[PDB]
file run.pdb (PDB, C-alpha atoms and all ligand atoms)
ATOM      1  CA  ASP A   1       0.000   0.000   0.000  1.00  0.00           C
ATOM      2  CA  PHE A   2       1.305   3.426  -0.987  1.00  0.00           C
ATOM      3  CA  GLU A   3       1.759   6.245   1.529  1.00  0.00           C
ATOM      4  CA  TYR A   4      -0.260   9.074  -0.036  1.00  0.00           C
ATOM      5  CA  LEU A   5      -2.140  10.456  -3.021  1.00  0.00           C
ATOM      6  CA  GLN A   6      -0.953  13.620  -4.702  1.00  0.00           C
ATOM      7  CA  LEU A   7      -3.461  15.651  -6.659  1.00  0.00           C
ATOM      8  CA  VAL A   8      -1.485  17.639  -9.205  1.00  0.00           C
ATOM      9  CA  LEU A   9      -3.169  20.744 -10.556  1.00  0.00           C
ATOM     10  CA  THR A  10      -1.809  22.509 -13.617  1.00  0.00           C
ATOM     11  CA  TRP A  11      -1.943  26.234 -14.232  1.00  0.00           C
ATOM     12  CA  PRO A  12      -2.871  26.272 -17.978  1.00  0.00           C
ATOM     13  CA  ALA A  13      -1.293  29.612 -18.830  1.00  0.00           C
ATOM     14  CA  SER A  14       2.044  28.312 -17.569  1.00  0.00           C
ATOM     15  CA  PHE A  15       1.665  24.842 -19.065  1.00  0.00           C
ATOM     16  CA  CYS A  16       0.926  26.261 -22.516  1.00  0.00           C
ATOM     17  CA  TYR A  17       3.874  28.639 -22.260  1.00  0.00           C
ATOM     18  CA  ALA A  18       6.352  25.856 -21.505  1.00  0.00           C
ATOM     19  CA  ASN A  19       4.735  23.274 -23.788  1.00  0.00           C
ATOM     20  CA  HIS A  20       2.948  23.115 -27.113  1.00  0.00           C
ATOM     21  CA  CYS A  21      -0.816  23.213 -26.599  1.00  0.00           C
ATOM     22  CA  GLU A  22      -3.531  22.254 -29.052  1.00  0.00           C
ATOM     23  CA  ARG A  23      -6.287  23.467 -26.727  1.00  0.00           C
ATOM     24  CA  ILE A  24      -7.005  26.989 -25.535  1.00  0.00           C
ATOM     25  CA  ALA A  25      -5.619  27.347 -22.009  1.00  0.00           C
ATOM     26  CA  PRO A  26      -8.513  27.592 -19.526  1.00  0.00           C
ATOM     27  CA  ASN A  27      -8.311  30.490 -17.053  1.00  0.00           C
ATOM     28  CA  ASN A  28      -8.495  28.047 -14.166  1.00  0.00           C
ATOM     29  CA  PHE A  29      -6.492  25.213 -12.681  1.00  0.00           C
ATOM     30  CA  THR A  30      -6.937  21.840 -14.329  1.00  0.00           C
ATOM     31  CA  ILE A  31      -5.991  18.316 -13.319  1.00  0.00           C
ATOM     32  CA  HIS A  32      -2.577  17.084 -14.444  1.00  0.00           C
ATOM     33  CA  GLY A  33      -2.719  13.889 -12.462  1.00  0.00           C
ATOM     34  CA  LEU A  34      -3.504  11.943  -9.322  1.00  0.00           C
ATOM     35  CA  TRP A  35      -0.390  10.126  -8.210  1.00  0.00           C
ATOM     36  CA  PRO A  36      -0.345   7.411  -5.561  1.00  0.00           C
ATOM     37  CA  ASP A  37       3.140   7.650  -4.099  1.00  0.00           C
ATOM     38  CA  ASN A  38       5.714   7.066  -1.413  1.00  0.00           C
ATOM     39  CA  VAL A  39       8.060   9.580   0.206  1.00  0.00           C
ATOM     40  CA  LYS A  40      11.158   7.442  -0.391  1.00  0.00           C
ATOM     41  CA  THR A  41      11.201   6.461  -4.066  1.00  0.00           C
ATOM     42  CA  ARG A  42       8.740   7.450  -6.785  1.00  0.00           C
ATOM     43  CA  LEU A  43       5.955   4.938  -7.380  1.00  0.00           C
ATOM     44  CA  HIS A  44       4.907   4.364 -11.001  1.00  0.00           C
ATOM     45  CA  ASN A  45       4.010   1.773 -13.643  1.00  0.00           C
ATOM     46  CA  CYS A  46       2.698  -0.666 -11.057  1.00  0.00           C
ATOM     47  CA  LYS A  47       1.810  -4.199 -12.142  1.00  0.00           C
ATOM     48  CA  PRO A  48      -0.321  -5.504 -13.471  1.00  0.00           C
ATOM     49  CA  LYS A  49      -1.042  -2.882 -16.113  1.00  0.00           C
ATOM     50  CA  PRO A  50      -4.760  -1.982 -15.865  1.00  0.00           C
ATOM     51  CA  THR A  51      -6.889  -2.105 -19.011  1.00  0.00           C
ATOM     52  CA  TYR A  52      -8.195   1.299 -20.047  1.00  0.00           C
ATOM     53  CA  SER A  53     -11.758   1.732 -21.262  1.00  0.00           C
ATOM     54  CA  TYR A  54     -12.707   4.821 -23.237  1.00  0.00           C
ATOM     55  CA  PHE A  55     -15.010   7.186 -21.356  1.00  0.00           C
ATOM     56  CA  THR A  56     -18.261   8.477 -22.834  1.00  0.00           C
ATOM     57  CA  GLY A  57     -21.124  10.810 -21.990  1.00  0.00           C
ATOM     58  CA  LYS A  58     -21.055  12.758 -18.729  1.00  0.00           C
ATOM     59  CA  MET A  59     -17.712  11.418 -17.504  1.00  0.00           C
ATOM     60  CA  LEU A  60     -16.176  12.305 -20.857  1.00  0.00           C
ATOM     61  CA  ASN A  61     -17.554  15.850 -20.757  1.00  0.00           C
ATOM     62  CA  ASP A  62     -16.467  16.249 -17.138  1.00  0.00           C
ATOM     63  CA  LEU A  63     -12.926  15.077 -17.843  1.00  0.00           C
ATOM     64  CA  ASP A  64     -12.526  17.140 -21.001  1.00  0.00           C
ATOM     65  CA  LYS A  65     -13.203  20.223 -18.908  1.00  0.00           C
ATOM     66  CA  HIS A  66     -11.603  19.450 -15.526  1.00  0.00           C
ATOM     67  CA  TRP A  67      -8.800  17.245 -16.876  1.00  0.00           C
ATOM     68  CA  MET A  68      -8.427  18.907 -20.252  1.00  0.00           C
ATOM     69  CA  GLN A  69      -5.740  17.253 -22.357  1.00  0.00           C
ATOM     70  CA  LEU A  70      -4.054  20.509 -23.365  1.00  0.00           C
ATOM     71  CA  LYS A  71      -1.524  18.892 -25.736  1.00  0.00           C
ATOM     72  CA  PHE A  72      -4.128  17.407 -28.092  1.00  0.00           C
ATOM     73  CA  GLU A  73      -6.933  18.609 -30.303  1.00  0.00           C
ATOM     74  CA  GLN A  74     -10.378  18.343 -28.708  1.00  0.00           C
ATOM     75  CA  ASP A  75     -11.599  15.649 -31.127  1.00  0.00           C
ATOM     76  CA  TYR A  76      -8.535  13.432 -30.706  1.00  0.00           C
ATOM     77  CA  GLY A  77      -8.544  14.040 -26.969  1.00  0.00           C
ATOM     78  CA  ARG A  78     -12.195  13.044 -26.563  1.00  0.00           C
ATOM     79  CA  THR A  79     -11.915  10.058 -28.901  1.00  0.00           C
ATOM     80  CA  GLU A  80      -8.503   8.513 -28.183  1.00  0.00           C
ATOM     81  CA  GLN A  81      -8.048   9.969 -24.664  1.00  0.00           C
ATOM     82  CA  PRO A  82      -4.216   9.710 -24.857  1.00  0.00           C
ATOM     83  CA  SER A  83      -3.343  11.578 -21.663  1.00  0.00           C
ATOM     84  CA  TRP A  84      -6.033  10.027 -19.497  1.00  0.00           C
ATOM     85  CA  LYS A  85      -4.936   6.584 -20.660  1.00  0.00           C
ATOM     86  CA  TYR A  86      -1.261   7.317 -20.019  1.00  0.00           C
ATOM     87  CA  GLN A  87      -1.962   8.710 -16.555  1.00  0.00           C
ATOM     88  CA  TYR A  88      -4.156   5.731 -15.682  1.00  0.00           C
ATOM     89  CA  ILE A  89      -1.571   3.147 -16.723  1.00  0.00           C
ATOM     90  CA  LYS A  90       1.380   4.973 -15.164  1.00  0.00           C
ATOM     91  CA  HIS A  91      -0.282   6.160 -11.937  1.00  0.00           C
ATOM     92  CA  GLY A  92      -3.759   4.686 -11.678  1.00  0.00           C
ATOM     93  CA  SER A  93      -2.058   1.297 -11.751  1.00  0.00           C
ATOM     94  CA  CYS A  94      -0.591   2.033  -8.316  1.00  0.00           C
ATOM     95  CA  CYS A  95      -3.942   2.257  -6.464  1.00  0.00           C
ATOM     96  CA  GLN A  96      -5.987  -0.658  -7.811  1.00  0.00           C
ATOM     97  CA  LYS A  97      -6.958  -2.064  -4.406  1.00  0.00           C
ATOM     98  CA  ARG A  98      -9.111   0.898  -3.428  1.00  0.00           C
ATOM     99  CA  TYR A  99     -10.023   2.190  -6.880  1.00  0.00           C
ATOM    100  CA  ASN A 100     -11.075   1.085 -10.322  1.00  0.00           C
ATOM    101  CA  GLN A 101     -10.805   3.134 -13.511  1.00  0.00           C
ATOM    102  CA  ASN A 102     -14.151   4.820 -12.858  1.00  0.00           C
ATOM    103  CA  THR A 103     -13.560   5.600  -9.174  1.00  0.00           C
ATOM    104  CA  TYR A 104      -9.974   6.692  -9.817  1.00  0.00           C
ATOM    105  CA  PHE A 105     -11.034   9.350 -12.308  1.00  0.00           C
ATOM    106  CA  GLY A 106     -14.134  10.074 -10.235  1.00  0.00           C
ATOM    107  CA  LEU A 107     -11.914  10.707  -7.221  1.00  0.00           C
ATOM    108  CA  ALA A 108      -9.695  13.060  -9.210  1.00  0.00           C
ATOM    109  CA  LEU A 109     -12.774  15.067 -10.185  1.00  0.00           C
ATOM    110  CA  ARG A 110     -14.066  15.074  -6.600  1.00  0.00           C
ATOM    111  CA  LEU A 111     -10.755  16.274  -5.167  1.00  0.00           C
ATOM    112  CA  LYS A 112     -10.444  18.960  -7.838  1.00  0.00           C
ATOM    113  CA  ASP A 113     -13.957  20.189  -7.025  1.00  0.00           C
ATOM    114  CA  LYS A 114     -12.884  20.607  -3.399  1.00  0.00           C
ATOM    115  CA  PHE A 115     -10.705  23.544  -4.345  1.00  0.00           C
ATOM    116  CA  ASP A 116     -10.784  26.902  -6.016  1.00  0.00           C
ATOM    117  CA  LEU A 117      -7.119  27.777  -5.750  1.00  0.00           C
ATOM    118  CA  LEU A 118      -7.467  30.704  -8.114  1.00  0.00           C
ATOM    119  CA  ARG A 119      -9.982  32.295  -5.741  1.00  0.00           C
ATOM    120  CA  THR A 120      -7.955  31.313  -2.663  1.00  0.00           C
ATOM    121  CA  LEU A 121      -4.888  32.978  -4.125  1.00  0.00           C
ATOM    122  CA  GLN A 122      -6.933  36.053  -5.030  1.00  0.00           C
ATOM    123  CA  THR A 123      -8.229  36.465  -1.459  1.00  0.00           C
ATOM    124  CA  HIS A 124      -4.568  36.409  -0.412  1.00  0.00           C
ATOM    125  CA  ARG A 125      -3.876  39.201  -2.910  1.00  0.00           C
ATOM    126  CA  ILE A 126      -2.120  36.823  -5.293  1.00  0.00           C
ATOM    127  CA  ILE A 127      -3.351  37.148  -8.873  1.00  0.00           C
ATOM    128  CA  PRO A 128      -2.061  36.350 -12.383  1.00  0.00           C
ATOM    129  CA  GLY A 129       0.098  38.988 -14.026  1.00  0.00           C
ATOM    130  CA  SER A 130       2.531  39.580 -11.164  1.00  0.00           C
ATOM    131  CA  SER A 131       5.189  37.846  -9.089  1.00  0.00           C
ATOM    132  CA  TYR A 132       5.080  36.746  -5.467  1.00  0.00           C
ATOM    133  CA  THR A 133       7.319  35.097  -2.917  1.00  0.00           C
ATOM    134  CA  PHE A 134       7.243  31.332  -2.643  1.00  0.00           C
ATOM    135  CA  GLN A 135       6.229  31.605   1.013  1.00  0.00           C
ATOM    136  CA  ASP A 136       3.233  33.818   0.233  1.00  0.00           C
ATOM    137  CA  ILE A 137       1.986  31.358  -2.380  1.00  0.00           C
ATOM    138  CA  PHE A 138       2.677  28.388  -0.093  1.00  0.00           C
ATOM    139  CA  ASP A 139       0.889  30.014   2.871  1.00  0.00           C
ATOM    140  CA  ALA A 140      -2.171  30.866   0.768  1.00  0.00           C
ATOM    141  CA  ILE A 141      -2.555  27.308  -0.524  1.00  0.00           C
ATOM    142  CA  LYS A 142      -1.985  25.740   2.896  1.00  0.00           C
ATOM    143  CA  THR A 143      -5.111  27.516   4.141  1.00  0.00           C
ATOM    144  CA  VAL A 144      -7.104  24.976   2.133  1.00  0.00           C
ATOM    145  CA  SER A 145      -4.658  22.068   1.867  1.00  0.00           C
ATOM    146  CA  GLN A 146      -4.312  22.090   5.687  1.00  0.00           C
ATOM    147  CA  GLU A 147      -1.137  20.088   5.374  1.00  0.00           C
ATOM    148  CA  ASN A 148       1.890  21.258   3.388  1.00  0.00           C
ATOM    149  CA  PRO A 149       1.121  21.560  -0.333  1.00  0.00           C
ATOM    150  CA  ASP A 150       3.802  21.288  -3.005  1.00  0.00           C
ATOM    151  CA  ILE A 151       4.359  24.447  -5.015  1.00  0.00           C
ATOM    152  CA  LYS A 152       6.040  23.487  -8.288  1.00  0.00           C
ATOM    153  CA  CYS A 153       7.865  25.980 -10.465  1.00  0.00           C
ATOM    154  CA  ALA A 154       9.169  26.004 -13.983  1.00  0.00           C
ATOM    155  CA  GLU A 155      11.708  28.265 -15.622  1.00  0.00           C
ATOM    156  CA  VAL A 156      10.863  28.870 -19.272  1.00  0.00           C
ATOM    157  CA  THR A 157      13.402  31.650 -19.055  1.00  0.00           C
ATOM    158  CA  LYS A 158      16.456  31.022 -16.903  1.00  0.00           C
ATOM    159  CA  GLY A 159      16.105  33.135 -13.783  1.00  0.00           C
ATOM    160  CA  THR A 160      12.347  33.616 -14.057  1.00  0.00           C
ATOM    161  CA  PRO A 161      10.628  30.947 -11.991  1.00  0.00           C
ATOM    162  CA  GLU A 162       6.883  30.741 -12.458  1.00  0.00           C
ATOM    163  CA  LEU A 163       4.000  28.863 -10.876  1.00  0.00           C
ATOM    164  CA  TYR A 164       3.604  25.732 -12.981  1.00  0.00           C
ATOM    165  CA  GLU A 165       1.703  23.206 -10.861  1.00  0.00           C
ATOM    166  CA  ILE A 166       0.335  22.811  -7.358  1.00  0.00           C
ATOM    167  CA  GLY A 167       0.254  19.516  -5.538  1.00  0.00           C
ATOM    168  CA  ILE A 168      -2.103  18.682  -2.695  1.00  0.00           C
ATOM    169  CA  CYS A 169      -1.704  15.398  -0.832  1.00  0.00           C
ATOM    170  CA  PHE A 170      -4.252  13.113   0.792  1.00  0.00           C
ATOM    171  CA  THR A 171      -4.264   9.831   2.647  1.00  0.00           C
ATOM    172  CA  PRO A 172      -4.580   6.689   0.456  1.00  0.00           C
ATOM    173  CA  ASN A 173      -8.336   6.536   1.150  1.00  0.00           C
ATOM    174  CA  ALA A 174      -8.601  10.259   0.298  1.00  0.00           C
ATOM    175  CA  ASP A 175     -10.514  10.840   3.543  1.00  0.00           C
ATOM    176  CA  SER A 176      -7.856  13.043   5.160  1.00  0.00           C
ATOM    177  CA  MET A 177      -5.101  15.496   4.244  1.00  0.00           C
ATOM    178  CA  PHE A 178      -1.407  14.597   4.094  1.00  0.00           C
ATOM    179  CA  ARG A 179       1.886  16.501   3.942  1.00  0.00           C
ATOM    180  CA  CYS A 180       3.292  16.592   0.418  1.00  0.00           C
ATOM    181  CA  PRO A 181       7.017  16.099   0.007  1.00  0.00           C
ATOM    182  CA  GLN A 182       8.660  19.404  -0.964  1.00  0.00           C
ATOM    183  CA  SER A 183      10.058  19.335  -4.510  1.00  0.00           C
ATOM    184  CA  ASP A 184      12.089  22.501  -3.872  1.00  0.00           C
ATOM    185  CA  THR A 185      11.850  23.362  -7.592  1.00  0.00           C
ATOM    186  CA  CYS A 186      11.226  27.058  -6.963  1.00  0.00           C
ATOM    187  CA  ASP A 187      14.137  29.456  -6.659  1.00  0.00           C
ATOM    188  CA  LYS A 188      13.202  31.143  -3.379  1.00  0.00           C
ATOM    189  CA  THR A 189      15.946  33.751  -3.841  1.00  0.00           C
ATOM    190  CA  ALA A 190      13.531  35.503  -6.181  1.00  0.00           C
ATOM    191  CA  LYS A 191       9.811  36.057  -6.597  1.00  0.00           C
ATOM    192  CA  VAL A 192       7.631  33.599  -8.503  1.00  0.00           C
ATOM    193  CA  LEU A 193       5.659  34.641 -11.570  1.00  0.00           C
ATOM    194  CA  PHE A 194       1.934  33.866 -11.705  1.00  0.00           C
ATOM    195  CA  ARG A 195       1.438  33.935 -15.470  1.00  0.00           C
ATOM    196  CA  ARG A 196      -1.641  35.677 -16.817  1.00  0.00           C
TER     197      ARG A 196
HETATM  198  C1  LIG A 201     -12.297  27.071 -11.124  1.00  0.00           C
HETATM  199  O1  LIG A 201     -12.383  25.684 -10.750  1.00  0.00           O
HETATM  200  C2  LIG A 201     -13.044  25.469  -9.483  1.00  0.00           C
HETATM  201  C3  LIG A 201     -12.995  23.981  -9.206  1.00  0.00           C
HETATM  202  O2  LIG A 201     -13.534  23.243 -10.293  1.00  0.00           O
HETATM  203  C4  LIG A 201     -14.479  25.994  -9.555  1.00  0.00           C
HETATM  204  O3  LIG A 201     -15.149  25.775  -8.303  1.00  0.00           O
HETATM  205  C5  LIG A 201     -16.146  24.810  -8.289  1.00  0.00           C
HETATM  206  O4  LIG A 201     -17.128  25.163  -9.276  1.00  0.00           O
HETATM  207  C6  LIG A 201     -18.203  24.204  -9.360  1.00  0.00           C
HETATM  208  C7  LIG A 201     -19.080  24.626 -10.525  1.00  0.00           C
HETATM  209  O5  LIG A 201     -19.553  25.955 -10.356  1.00  0.00           O
HETATM  210  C8  LIG A 201     -18.966  24.140  -8.029  1.00  0.00           C
HETATM  211  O6  LIG A 201     -19.983  23.115  -8.119  1.00  0.00           O
HETATM  212  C9  LIG A 201     -21.118  23.258  -7.329  1.00  0.00           C
HETATM  213  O7  LIG A 201     -20.888  22.532  -6.121  1.00  0.00           O
HETATM  214  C10 LIG A 201     -21.993  22.625  -5.197  1.00  0.00           C
HETATM  215  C11 LIG A 201     -21.546  21.974  -3.902  1.00  0.00           C
HETATM  216  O8  LIG A 201     -20.180  22.343  -3.634  1.00  0.00           O
HETATM  217  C12 LIG A 201     -19.757  21.990  -2.351  1.00  0.00           C
HETATM  218  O9  LIG A 201     -19.779  20.576  -2.134  1.00  0.00           O
HETATM  219  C13 LIG A 201     -18.881  19.819  -2.979  1.00  0.00           C
HETATM  220  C14 LIG A 201     -19.085  18.350  -2.661  1.00  0.00           C
HETATM  221  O10 LIG A 201     -19.292  18.148  -1.270  1.00  0.00           O
HETATM  222  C15 LIG A 201     -17.440  20.283  -2.757  1.00  0.00           C
HETATM  223  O11 LIG A 201     -16.571  19.596  -3.646  1.00  0.00           O
HETATM  224  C16 LIG A 201     -17.347  21.789  -3.007  1.00  0.00           C
HETATM  225  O12 LIG A 201     -16.029  22.240  -2.737  1.00  0.00           O
HETATM  226  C17 LIG A 201     -18.346  22.539  -2.120  1.00  0.00           C
HETATM  227  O13 LIG A 201     -17.990  22.390  -0.753  1.00  0.00           O
HETATM  228  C18 LIG A 201     -23.232  21.968  -5.807  1.00  0.00           C
HETATM  229  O14 LIG A 201     -24.330  22.086  -4.910  1.00  0.00           O
HETATM  230  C19 LIG A 201     -23.568  22.656  -7.133  1.00  0.00           C
HETATM  231  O15 LIG A 201     -24.638  21.968  -7.768  1.00  0.00           O
HETATM  232  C20 LIG A 201     -22.341  22.679  -8.062  1.00  0.00           C
HETATM  233  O16 LIG A 201     -22.050  21.342  -8.510  1.00  0.00           O
HETATM  234  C21 LIG A 201     -21.909  21.165  -9.876  1.00  0.00           C
HETATM  235  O17 LIG A 201     -23.225  21.068 -10.446  1.00  0.00           O
HETATM  236  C22 LIG A 201     -23.200  20.864 -11.877  1.00  0.00           C
HETATM  237  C23 LIG A 201     -22.510  19.535 -12.201  1.00  0.00           C
HETATM  238  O18 LIG A 201     -22.464  19.344 -13.608  1.00  0.00           O
HETATM  239  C24 LIG A 201     -21.091  19.541 -11.635  1.00  0.00           C
HETATM  240  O19 LIG A 201     -20.498  18.265 -11.828  1.00  0.00           O
HETATM  241  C25 LIG A 201     -21.108  19.879 -10.142  1.00  0.00           C
HETATM  242  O20 LIG A 201     -19.773  20.050  -9.686  1.00  0.00           O
HETATM  243  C26 LIG A 201     -17.981  23.827  -6.881  1.00  0.00           C
HETATM  244  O21 LIG A 201     -18.642  23.952  -5.630  1.00  0.00           O
HETATM  245  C27 LIG A 201     -16.788  24.793  -6.906  1.00  0.00           C
HETATM  246  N1  LIG A 201     -15.806  24.407  -5.913  1.00  0.00           N
HETATM  247  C28 LIG A 201     -15.372  25.296  -5.025  1.00  0.00           C
HETATM  248  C29 LIG A 201     -14.249  24.862  -4.100  1.00  0.00           C
HETATM  249  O22 LIG A 201     -15.835  26.433  -4.932  1.00  0.00           O
HETATM  250  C30 LIG A 201     -14.441  27.484  -9.862  1.00  0.00           C
HETATM  251  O23 LIG A 201     -15.766  27.985  -9.977  1.00  0.00           O
HETATM  252  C31 LIG A 201     -13.699  27.704 -11.176  1.00  0.00           C
HETATM  253  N2  LIG A 201     -13.595  29.123 -11.454  1.00  0.00           N
HETATM  254  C32 LIG A 201     -14.521  29.732 -12.188  1.00  0.00           C
HETATM  255  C33 LIG A 201     -14.544  31.251 -12.144  1.00  0.00           C
HETATM  256  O24 LIG A 201     -15.340  29.124 -12.884  1.00  0.00           O
END

call {"tool": "encode", "arguments": {"input": "run.pdb", "output": "structure tokens"}}
result
Amino acid sequence: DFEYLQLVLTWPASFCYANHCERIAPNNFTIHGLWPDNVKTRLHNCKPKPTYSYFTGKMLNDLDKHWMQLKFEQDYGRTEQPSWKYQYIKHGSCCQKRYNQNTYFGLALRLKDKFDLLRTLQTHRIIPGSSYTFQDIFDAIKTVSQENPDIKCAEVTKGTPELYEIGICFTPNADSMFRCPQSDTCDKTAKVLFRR
């Protein structure tokens, strides 16, 4: 049994600045993944590999919005579901005792719905278009994560760290909060850009 679940939320504006996007970047956080993990070594590609079934209807519409596959065209994304499949096989495979394909993705949607990080940041006077200290961002998120969240940065331009993703950890059963390991990817010697 793994130690915790990490909900990874992507900030679209940043993701589409550091990567090639085929979808318009939503002005809200989206799901990048839900990773069962351990503090020691990274857990991934657990056996046996779980068969992936293509989603349809409501679940499909829900995932296309909340877990938008930014790197692919909408039609291909909805039809072939490349990113959802990859994430399920690489990470979903590590929590098959408590979840199935449907409840794994359902959980991701439920956990995402628990937060409105954009609004939380705003009430802490942190909005897109400016830069802020790592600590200020961290403190704002912890007000809702309860336990330590993981603020992940990317540097599209050397020397300009920016908010790329936010991780929030939960217990394996997703009933309680858990302290996320700190990736220390943000250069705290300088402010962090919150891309508009
Ligand atoms: C940016 O993204 C965030 C997260 O997705 C958006 O916030 C969420 O927005 C949805 C849609 O407006 C909103 O859904 C509504 O939820 C309430 C109940 O919410 C409470 O209970 C949830 C379960 O216990 C819990 O997860 C929440 O955190 C709240 O405590 C329902 O009563 C409403 O009916 C509505 O639910 C939606 O109904 C339509 C259905 O198709 C859909 O699946 C279902 O979700 C969330 O509450 C809200 N979450 C938060 C934390 O506020 C945010 O709005 C986005 N930004 C903008 C500007 O759009």

call {"tool": "closest_atom_pairs", "arguments": {"input": "run.pdb", "of": "region 9-75 of chain A", "to": "region 166-189 of chain A", "cutoff": "10 Å", "atoms": "all atoms listed in the file", "output": "JSON lines"}}
result
{"residue": "A:9", "atom": "CA", "partner": "A:166", "partner_atom": "CA", "distance": 5.2}
{"residue": "A:10", "atom": "CA", "partner": "A:166", "partner_atom": "CA", "distance": 6.6}
{"residue": "A:11", "atom": "CA", "partner": "A:166", "partner_atom": "CA", "distance": 8.0}
{"residue": "A:29", "atom": "CA", "partner": "A:166", "partner_atom": "CA", "distance": 9.0}
{"residue": "A:31", "atom": "CA", "partner": "A:166", "partner_atom": "CA", "distance": 9.8}
{"residue": "A:32", "atom": "CA", "partner": "A:166", "partner_atom": "CA", "distance": 9.6}
{"residue": "A:33", "atom": "CA", "partner": "A:167", "partner_atom": "CA", "distance": 9.4}
{"residue": "A:34", "atom": "CA", "partner": "A:167", "partner_atom": "CA", "distance": 9.3}
{"residue": "A:35", "atom": "CA", "partner": "A:169", "partner_atom": "CA", "distance": 9.2}
{"residue": "A:36", "atom": "CA", "partner": "A:172", "partner_atom": "CA", "distance": 7.4}
{"residue": "A:37", "atom": "CA", "partner": "A:172", "partner_atom": "CA", "distance": 9.0}
{"residue": "A:38", "atom": "CA", "partner": "A:181", "partner_atom": "CA", "distance": 9.2}
{"residue": "A:39", "atom": "CA", "partner": "A:181", "partner_atom": "CA", "distance": 6.6}
{"residue": "A:40", "atom": "CA", "partner": "A:181", "partner_atom": "CA", "distance": 9.6}

call {"tool": "closest_residue", "arguments": {"input": "run.pdb", "among": "A:191, A:91, A:58, A:196", "to": "ligand LIG 201 (chain A)", "atoms": "all atoms listed in the file"}}
result
A:58

call {"tool": "atom_distance", "arguments": {"input": "run.pdb", "atom1": "atom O3 of ligand LIG 201 (chain A)", "atom2": "CA of residue 54 (chain A)"}}
result
25.8 Å

call {"tool": "closest_residue", "arguments": {"input": "run.pdb", "among": "A:100, A:93, A:122, A:6", "to": "ligand LIG 201 (chain A)", "atoms": "only C-alpha atoms and all ligand atoms"}}
result
A:122

call {"tool": "residues_around", "arguments": {"input": "run.pdb", "residues": "residue 192 (chain A)", "least_positions_apart": "2", "cutoff": "7 Å", "atoms": "all atoms listed in the file", "output": "PyMOL selection string"}}
result
chain A and resi 131-134+161-163+190+194

call {"tool": "closest_residue", "arguments": {"input": "run.pdb", "among": "A:130, A:51, A:69, A:27", "to": "residue 101 (chain A)", "atoms": "all atoms listed in the file"}}
result
A:51

call {"tool": "atom_distance", "arguments": {"input": "run.pdb", "atom1": "CA of residue 64 (chain A)", "atom2": "CA of residue 143 (chain A)"}}
result
28.2 Å

call {"tool": "axis_aligned_box", "arguments": {"input": "run.pdb", "around": "ligand LIG 201 (chain A)", "padding_each_side": "4 Å", "output": "JSON"}}
result
{"center_x": -18.5, "center_y": 24.7, "center_z": -7.2, "size_x": 20.3, "size_y": 21.1, "size_z": 20.9}

call {"tool": "residues_near_ligand", "arguments": {"input": "run.pdb", "ligand": "ligand LIG 201 (chain A)", "cutoff": "10 Å", "atoms": "all atoms listed in the file", "output": "compact mmCIF listing (two decimals) with C-alpha atoms, in the coordinates of the input"}}
result
# COMPACT_ATOMS: atom_id res chain seq x y z
CA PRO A 26 -8.51 27.59 -19.53
CA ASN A 27 -8.31 30.49 -17.05
CA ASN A 28 -8.49 28.05 -14.17
CA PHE A 29 -6.49 25.21 -12.68
CA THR A 30 -6.94 21.84 -14.33
CA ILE A 31 -5.99 18.32 -13.32
CA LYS A 58 -21.06 12.76 -18.73
CA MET A 59 -17.71 11.42 -17.50
CA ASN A 61 -17.55 15.85 -20.76
CA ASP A 62 -16.47 16.25 -17.14
CA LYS A 65 -13.20 20.22 -18.91
CA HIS A 66 -11.60 19.45 -15.53
CA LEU A 109 -12.77 15.07 -10.18
CA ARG A 110 -14.07 15.07 -6.60
CA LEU A 111 -10.76 16.27 -5.17
CA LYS A 112 -10.44 18.96 -7.84
CA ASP A 113 -13.96 20.19 -7.02
CA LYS A 114 -12.88 20.61 -3.40
CA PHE A 115 -10.70 23.54 -4.34
CA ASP A 116 -10.78 26.90 -6.02
CA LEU A 117 -7.12 27.78 -5.75
CA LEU A 118 -7.47 30.70 -8.11
CA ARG A 119 -9.98 32.30 -5.74
CA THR A 120 -7.96 31.31 -2.66
CA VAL A 144 -7.10 24.98 2.13

call {"tool": "decode", "arguments": {"input": "run.pdb", "residues": "region 52-75 of chain A", "atoms": "C-alpha atoms", "output": "PDB file, in the first residue's frame"}}
result
ATOM      1  CA  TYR A  52      -8.195   1.299 -20.047  1.00  0.00           C
ATOM      2  CA  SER A  53     -11.758   1.732 -21.262  1.00  0.00           C
ATOM      3  CA  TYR A  54     -12.707   4.821 -23.237  1.00  0.00           C
ATOM      4  CA  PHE A  55     -15.010   7.186 -21.356  1.00  0.00           C
ATOM      5  CA  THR A  56     -18.261   8.477 -22.834  1.00  0.00           C
ATOM      6  CA  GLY A  57     -21.124  10.810 -21.990  1.00  0.00           C
ATOM      7  CA  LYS A  58     -21.055  12.758 -18.729  1.00  0.00           C
ATOM      8  CA  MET A  59     -17.712  11.418 -17.504  1.00  0.00           C
ATOM      9  CA  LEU A  60     -16.176  12.305 -20.857  1.00  0.00           C
ATOM     10  CA  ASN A  61     -17.554  15.850 -20.757  1.00  0.00           C
ATOM     11  CA  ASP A  62     -16.467  16.249 -17.138  1.00  0.00           C
ATOM     12  CA  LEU A  63     -12.926  15.077 -17.843  1.00  0.00           C
ATOM     13  CA  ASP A  64     -12.526  17.140 -21.001  1.00  0.00           C
ATOM     14  CA  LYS A  65     -13.203  20.223 -18.908  1.00  0.00           C
ATOM     15  CA  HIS A  66     -11.603  19.450 -15.526  1.00  0.00           C
ATOM     16  CA  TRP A  67      -8.800  17.245 -16.876  1.00  0.00           C
ATOM     17  CA  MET A  68      -8.427  18.907 -20.252  1.00  0.00           C
ATOM     18  CA  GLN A  69      -5.740  17.253 -22.357  1.00  0.00           C
ATOM     19  CA  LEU A  70      -4.054  20.509 -23.365  1.00  0.00           C
ATOM     20  CA  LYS A  71      -1.524  18.892 -25.736  1.00  0.00           C
ATOM     21  CA  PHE A  72      -4.128  17.407 -28.092  1.00  0.00           C
ATOM     22  CA  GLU A  73      -6.933  18.609 -30.303  1.00  0.00           C
ATOM     23  CA  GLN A  74     -10.378  18.343 -28.708  1.00  0.00           C
ATOM     24  CA  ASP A  75     -11.599  15.649 -31.127  1.00  0.00           C
TER      25      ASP A  75
END
